[PDB]
């Protein structure tokens, strides 16, 4: 031989000076690329007179960054800790990442940026809204609260609360929206005709105060017996006293609440406003029976025109 040929390309290295052929006596140098390393340092060779480059034992491998697989209270995502890999971080519920959430292993074999740590999310003590009191509240980390902890507010007597009464410690370290407590008033409730109404002996009625209604015999409420002063300044309802109905026939089987009853029994004392029943009517043609409805409305009940009073449409087969 008279010249050495182009030197072989080894895995993660560079050769210098890189030429396609060399005169015996010229020198080349193999180095690992930045970020890799090899047992034995760099290797130098002189082209020999035979024109054959000698055996190259250079073996370049990536620098390894210090072990970073364990993040207290969190998780690390990774494949290997070698140049030039990246590792990412995240924290368990309740903690926040104090630092960068990703890091790369550098040419120098250091992590960049520096590795983070997880830390507990906390909220300082909540502030108490204007006309309220703090019912349910207890610190769980020094004088502060932990993530998802809660505090519960209760308004002062005569005040209505607007917005949830419960707050939670969030991840941004503050609590969720606070509620407000305004005082609310209701006008006195009106006495219903044929009835009476009762309510506390105060000169003024506030939120949550209650009134109860009653009727004189022969009448009944067409609403709830008890009513409340609501947060919007009006009452939950204003029932009135409606007239009862005398039973409209002397004897008859009717359907009352999907069930047969003898009208003059079930309604011994009259039918209340609202009460609905179904009379039985006979279809002379098909010799069977159907029912028409009727309802007591403030003292009147219209008995279906087809109804006949006492062989009993009640005892005839259905259509």
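Positions refer to the first chain, counted from 1. Between two forms, the rigid core is defined as the largest C-alpha subset superposing within 1.5 Å.
Taking the root mean square of CA deviations in 6 other deposited structures of this protein after fitting on the rigid core, 43-51 and 272-280 differ, and the farther of the two is 43-51. A fit on the rigid core, followed by a root mean square over CA positions in 6 other deposited structures of this protein, ranks 152-160 against 165-173 and picks 165-173 as the more shifted one. In this entry, 155-163 has the higher mean Cα B-factor, the comparison being between 67-75 and 155-163. Taking the mean C-alpha B-factor of each stretch as recorded, 30-38 and 283-291 are not equal, and the higher mean is that of 283-291. Across 81, 199, 175, 95, the greatest Cα temperature factor reported in the deposited entry is at 199.
Out of 90, 234, 112, 145, the entry records its largest CA B-factor for 234. Ranked against the other modelled residues of its chain, the C-alpha B-factor of residue 299 as given in the entry falls in the lowest third. In the PDB entry, a CA B factor belonging to the lowest third of its chain's modelled residues is recorded for residue 103.
Residue-level temperature factors show residue 203 in the highest third of its chain, judged at the C-alpha atom. Annotation for residue 258: CA B-factor lies in the highest third of the chain's modelled residues. In the PDB entry, a CA B factor belonging to the lowest third of its chain's modelled residues is recorded for residue 120.
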